[PDB]
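When the chains are written out, they are named A, B, C, D and E in that same order, and each has its own residue count from 1.
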Amino acid sequence: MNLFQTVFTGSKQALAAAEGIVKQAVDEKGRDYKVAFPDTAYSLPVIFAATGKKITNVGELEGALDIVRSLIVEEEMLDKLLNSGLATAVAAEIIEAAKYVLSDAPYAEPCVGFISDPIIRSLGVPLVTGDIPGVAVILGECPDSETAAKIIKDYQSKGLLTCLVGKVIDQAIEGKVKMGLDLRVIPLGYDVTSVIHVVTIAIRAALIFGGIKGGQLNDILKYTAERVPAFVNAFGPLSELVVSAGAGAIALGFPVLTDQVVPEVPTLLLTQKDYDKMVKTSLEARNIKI
Amino acid sequence: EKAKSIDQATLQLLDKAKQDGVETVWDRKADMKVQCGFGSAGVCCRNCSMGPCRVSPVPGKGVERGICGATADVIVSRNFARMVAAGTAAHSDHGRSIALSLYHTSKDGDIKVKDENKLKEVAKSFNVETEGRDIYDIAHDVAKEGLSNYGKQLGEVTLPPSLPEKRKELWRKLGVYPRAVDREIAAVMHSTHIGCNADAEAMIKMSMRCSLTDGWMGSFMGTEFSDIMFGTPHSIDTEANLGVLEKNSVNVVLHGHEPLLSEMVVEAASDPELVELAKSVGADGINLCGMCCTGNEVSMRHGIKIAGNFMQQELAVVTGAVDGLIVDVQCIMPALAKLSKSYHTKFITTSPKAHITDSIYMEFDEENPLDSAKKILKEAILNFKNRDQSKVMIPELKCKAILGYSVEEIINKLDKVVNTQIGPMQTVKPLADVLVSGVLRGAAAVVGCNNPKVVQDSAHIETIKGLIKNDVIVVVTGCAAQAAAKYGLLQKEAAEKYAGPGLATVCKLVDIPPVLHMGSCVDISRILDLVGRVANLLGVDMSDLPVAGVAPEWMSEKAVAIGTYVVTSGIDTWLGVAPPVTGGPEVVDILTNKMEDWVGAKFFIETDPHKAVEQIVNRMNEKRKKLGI
Amino acid sequence: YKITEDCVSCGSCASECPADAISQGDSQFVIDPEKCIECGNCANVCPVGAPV
Amino acid sequence: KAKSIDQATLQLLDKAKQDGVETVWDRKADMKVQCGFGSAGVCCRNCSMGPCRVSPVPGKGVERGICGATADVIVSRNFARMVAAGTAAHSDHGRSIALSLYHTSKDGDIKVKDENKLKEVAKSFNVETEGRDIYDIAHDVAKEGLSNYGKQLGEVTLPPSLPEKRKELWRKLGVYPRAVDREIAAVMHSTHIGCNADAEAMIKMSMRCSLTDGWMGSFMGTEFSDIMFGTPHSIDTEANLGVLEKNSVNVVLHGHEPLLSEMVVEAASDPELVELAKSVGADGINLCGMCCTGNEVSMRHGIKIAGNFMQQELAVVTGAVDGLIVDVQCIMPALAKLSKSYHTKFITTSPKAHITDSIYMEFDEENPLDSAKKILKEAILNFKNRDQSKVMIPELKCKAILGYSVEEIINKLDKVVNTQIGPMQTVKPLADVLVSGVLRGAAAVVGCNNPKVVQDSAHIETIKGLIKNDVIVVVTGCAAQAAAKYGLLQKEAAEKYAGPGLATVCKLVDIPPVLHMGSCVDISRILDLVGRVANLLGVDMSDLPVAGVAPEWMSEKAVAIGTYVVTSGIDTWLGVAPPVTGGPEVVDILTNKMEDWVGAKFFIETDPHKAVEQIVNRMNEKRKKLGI
Amino acid sequence: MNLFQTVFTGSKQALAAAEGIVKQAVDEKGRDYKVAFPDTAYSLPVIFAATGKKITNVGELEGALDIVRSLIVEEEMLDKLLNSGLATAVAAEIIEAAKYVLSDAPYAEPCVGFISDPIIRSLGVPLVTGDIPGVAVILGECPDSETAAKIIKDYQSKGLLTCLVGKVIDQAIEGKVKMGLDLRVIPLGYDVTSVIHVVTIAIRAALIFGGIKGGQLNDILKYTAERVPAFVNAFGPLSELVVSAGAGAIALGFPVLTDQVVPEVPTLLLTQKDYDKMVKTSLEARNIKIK
């Protein structure tokens, strides 16, 4: 299975999970039941950026699966791969929205789940200033808790805002990593879809700071690529869904670095086994100056 | 009826040639009318004076055998083998001259060593010691080894390290492993003699064996020694098409293939006495322009403007502005001698290998190359006084081009997209990565001449545009490269105008045009080198890669030899002009079907460029699925 | 149509002939008058203009 | 017209008609009127812009090819490529011989049989011989010979018999030879589209290439063959198809490479193979040779000659050929088809000469004797498949004498040397008879057959006319075999056909009027002989009353031979017109201007009697120039 | 001037001299005057051998010039050269016959001139039994008298019959060579035409001992070539007439040896400058063995 097929398989799996959770939400709560994220002004940010539509009820959430379906075209060309990554991102957002409408408190500390607009505005000032020279999106599991803690604290000591997805949260807790918004170590959630909660940070950064109106998807992607200094460090074995989510990160212009053997794409998808050089490799790949 | 060219400057000059009452290659093609069916199918034989013999191109009808009893397949296979042998001879003679020039290099001479690192790497490839040695002693030893490759009768020849071990083992098992170049040419000529070889498969295998000595020994050594003596090409800007001629300057057009003469002419053009003479004859200066492969060489290494490719040579004289036309060998239409009578142009032959009747012969002296080049250039400059400015018409049509993409230059460009914390540097690894990931679907080489049978430059341009639109990166050589230069494909902007998404992204990241001009016809060896490195980086044979070669408008025997050795190396080749083999069904079956069993590649005959692009994409995709990428 | 001694026996007319009237003979190709449709394509396809 | 003058050939042609098989004559008839453009040489196919045909008549029709090449350019390039192909064939033969010499050993299958000849050749190649092992000398000589083929630096090595004046003339003209394969490659390069478009330079390049055949390739092949297999001496043999035996296994050796035929001859005396031939019901093994390999084995061992080129098919038509073993060159591919109509095993042995539907048994040069033995065993076992009801062997055979190498000729000439005067072991008696005018001159008759000429007619008529005019004749190849079949290779022929001076010379020296000097590469011997005569008289070879004739040639090798013979300074008559009549400049160069360059020129004459008259007149003109 | 042209020129000069001396005989003696050689039954032996005709009067001697004319065909082939040599031999015979017509005794001693038939029968028996190993025909002049005397006495000591023409007669006298029929040293005459007097010895040997009738020229030439062991040693510069007469000797199968540079013909015309080896060269060339 080559890179394109891996991304397409991951996107299809994300679509299947989104369809299942949306069916569960429709069964339990009804199509008139409200759909929203806590304290946001852009409804579902990824769908709003891609199409301009605001998802307000469960029926509209079920109708948002058509966006995911139309973004998956299984032809081995780079544009289709980027669209399939974006389809995975939309499916992850739909899954997170369904989680929020199904449970009153989907995320229990230390996981924070969705990040509200006021937090985005608070982080915007140090973002453009340079006190936050980048965003380190760490996903998966490192071979040890010690190495995960070392990498996370190296990023933290450099001022980067690091977000944690998956078992790396538990490894960092075992590694005595101090977490919080002021400490710039944000645990999003143990599920892969929780990575969307940092993606919407970039998307809304284009909506708030960039002033790009909803539906101008290419302008949003250009803004995230040229203004948001985000990158992904994917540790541990990578499923097809993880590779598809990384394709979404690449579609937003965010390079993906991993310790796994993957079909490398220069400046976009890079393998770095040496955990002692992963921080420097990511800073070079994202062109970040400390 | 049919348009003669897609190039507007070519069309304006064809109208001028009609107004001036001079004949062109198009006019002679029209005069030839319906060409002989027997010769077109390859079923005519003249190998002995019992003939001429012609057998039916349609099996089961008419005369079946020649007088000696040779079948249509035998006649076709022998004719094809002799075309391959002639192309191999042309390329090998070019490389032999380059090696002899290398053998005569000196510190204080006209010919020096300009790339010492390249010479040391080549010496490593030839098992020549370099440490603590004088550079010219090394150069002479390397030249001796290269010369031995041409005529050794005992032992094995030396092949470049980029050639995969698996490909060499496959050649040895098949029986096509190359011997000395001249020996293989002689073997082909011997086996086509009356009453020798009358088996199509063995004849084709002998021709493949002969073509390998061209691709991997003759052209390769010529290219690498030319780099050693005249400098490795790097990315450089130039201008292309007939508009580069200057009305108010002396116009000196270099046509042919051998680079030493054109290098010495370029050096002589900066001589203060000759510049002063050009000023004194009433010209603003000296304007050197190149055509065909010698133009490609001087343009790759110095940015000399390219006046035009093969079927434009006559039109260069039709402008009335060419004060001197200096030619060495190969692809020099003899009609130029007649044509220059209608203008003031001095048509100067310089090589004892290529005498042309009614041309001015000034033998280029290899012993004193610079002085000889200065004398020839002085004749061209003095001819400016005979210019008739009332007969001058230079089209205002020229195009910016970027070229100079040797393998070394490509690797240097690829180093840009290498993460320093990962590495390694100075490899083809980024290209291998983009090919394996599928961001680039493949790489295709577009090579070959023009041919009056095809609308000039149409097939080249359509094939190149289709390939780059399908995210296939294109490397170009020769007259195809010059057609791309004239059209405007050799530009960074072309990436966003013609390329597909993946190739556009790659071009933006690496800062290269989507079409890479890798030099002259012998520089096709560079392409081989590149592919080999990629194969060696992936641990596979060259037949496992999604690569292809295309000759949309080929005419020469050299093109036949090139296609043969490209297929024998394991790279599928598309031919835009049918070779004279349709009369022999067995030969067609060998070249287009059975060759894949032998060397993992085969010929594709397709005269429709759009269909050729579709077939190339499908073949690349199926090879990718075989490879798992 | 009738062929003449100018013929150098290049074989072009033979094949081009729609009616296939033209056949190779002792000293030159020949035209069978009974099966010649008078098209004149043979005259067109001749390097020496033998078919008259 | 008649197909041949040979009665056995005619009987077998009647048999082939009765058997329903087609011959070369039938295929020639089927080809009918051959293409005029190709016959005149004005057709070009050197690039895929073509095919281009221009008018053979200047001032009419299409004048230039698509690239602009004139009729003279197209003709000259075609001629040069014919020369290059002939040179390639001969040079590949010589290269195989040189490699065989390099692999000689005391206890191996291939040894040194003529040490004196090897030492003389080593002297010619600047190889030391005193106090050295003979096989070390042989290996050094083979290395020097091989370097002649592919050296890129320095000058090639030429035989001492070549006059210094001829070398200097070649250097001034610009045709002094380089390494053989290099010259072949140069000719092929300059004929490529858009290279050489000047007929004079093209012809000079072809002459330069042909010199590497005449004086290097063929010469080295001949001398190394003498070293390895023995210098030929006077020997008796029988000729024509009657030599086949009904009650014996018949093994026919066809081709040019002598190592295979030498090993087959040696294997034929193997006790096991002779016993096997007896066990399949045959009286024994009857080896017969055809064309140049037959000439080689006949010159060195007296092997009977079955026939020349255009008889090869008829040899199978007899129904008595159990095995036909072929190496390379002048092997009609139709033999394979023909072999299906009989029991004959048609065996190809060389990787250079695969033939479809033939039995391929690759001759292994690493173990030549064992490989020859297994091939011969296949031929012997095929005797059980003989159908004796289909067998017809004409009772027509002729006695012949051959083996006249230069050494043998010198040995014969030693008889007419007064001991008190001397010197011995020189060509001086021959030079004396030529200078005195007792012999008017010497003529070489060489070449193939050709269906365009009544087979063997031109050879026989030319030879008889020349010897009647007191011109001594040396013959090679298929012409020599035609002379053998006719009966000219006999001492008695001197009193039956020769004129008074030649009859007296033959009686004094005890030789036939016609001297068989071997195969087509052995034409180098003729050069050697002429050179010696020239060197004895202190003149160039163009000053001598000598000539060469190719009455019925067909092959590219024949073109290269005529070219290098003319370039060496010997006028050459061609009995078959080469495809050059379309280029007036090329005709003028070959037949008129060449004399200004090298002192000799081509003569095209299809009438043998007129050719004999012209040869005599030209020889008398050169005698009057020389003062003799 | 090549060998053929030298021989043709010599034969023409011999014909010119024969015509002049015959004209003198006609003007002084008339065509009815008798023509004969002293004591012979073969008339003029060369003409009788070639044609079978006996010449008795001067008018027939004048008619014998047509034989010389018919024997000179100037075509460069070996048969014509041999016929032209025979033309010189016939012309020389006509000149010698006219000498006897004009002057009663044309030869003064030591020269003997014509050799009569009884002498031939006298020395014929030693020629058959091998007591005379061969006939050494020495004509011309040696570089010195002692060289000629050495060669002549070398032949004499070996039992060969030596005949002398030209200045070697005087050189041998200066060298004190004892000349006589019993001494086998016969001086014929100082003129080149006197060599015909030893030629007629070989011709009449075929007529007398071979029993060959006149007119059977080929049989007579075959006889002299196989049966008469004669050879020619030509010393000193050789004129065209001498060369044409040598061609006559070659026509009879007698090899010609000389010290001059000539267009050598193997076994027939040979150059030997070394006077110390001329005798041995001639014996080998004529296959003469001394017991």
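FYI, a contact is a pair of C-beta atoms (placed from the backbone, for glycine too) under 8 Å apart; a residue touches a chain by one contact, two chains touch by 3 or more.
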item: Chain labels contacting chain B and also chain C; value: D
item: Euclidean distance of C-alpha centroids - chain B vs chain E, Å; value: 86
item: Interchain centroid distance [CA atoms averaged], chain C/chain E, Å; value: 81
item: Where chain A and chain E are represented by their mean Cα positions, the distance between them in whole Å; value: 134
item: Multi-partner residues of chain D (each touching 2 or more other chains); value: 34-35, 37, 53, 62
item: Junction residues of chain C, two or more chains touched; value: 10-11, 47
item: Set of chain A residues in contact with two or more other chains; value: none
item: Set of all touching chain pairs, with the criterion as stated earlier; value: A-B, B-C, B-D, C-D, D-E
item: Contact set on chain D toward chain E in their complex; value: 416-421, 429, 432-433, 435-438, 440, 470, 499-501, 504, 508, 620, 623, 627-628
item: Chain C-facing residues of chain B, complex; value: 33-34, 36-38, 54
item: Sites on chain D touched by chain B in the complex; value: 24, 27-28, 30-31, 34-35, 37-39, 43, 45-53, 62, 64-70, 72-73, 78, 81, 84-86, 88-89, 91-92, 95, 98-99, 102, 143, 146-147, 149-153, 174, 179-182, 184-186, 188-202, 328-337, 351-356, 450-452, 553-559, 576, 578-579
item: List of chain A residues in touch with chain B within their complex; value: 2-4, 76-79, 81, 263-267, 269-272, 277, 280-281, 284-285
item: Touching residues (chain side chain C, partner chain B) in the complex; value: 10-12, 15-16, 44-45, 47
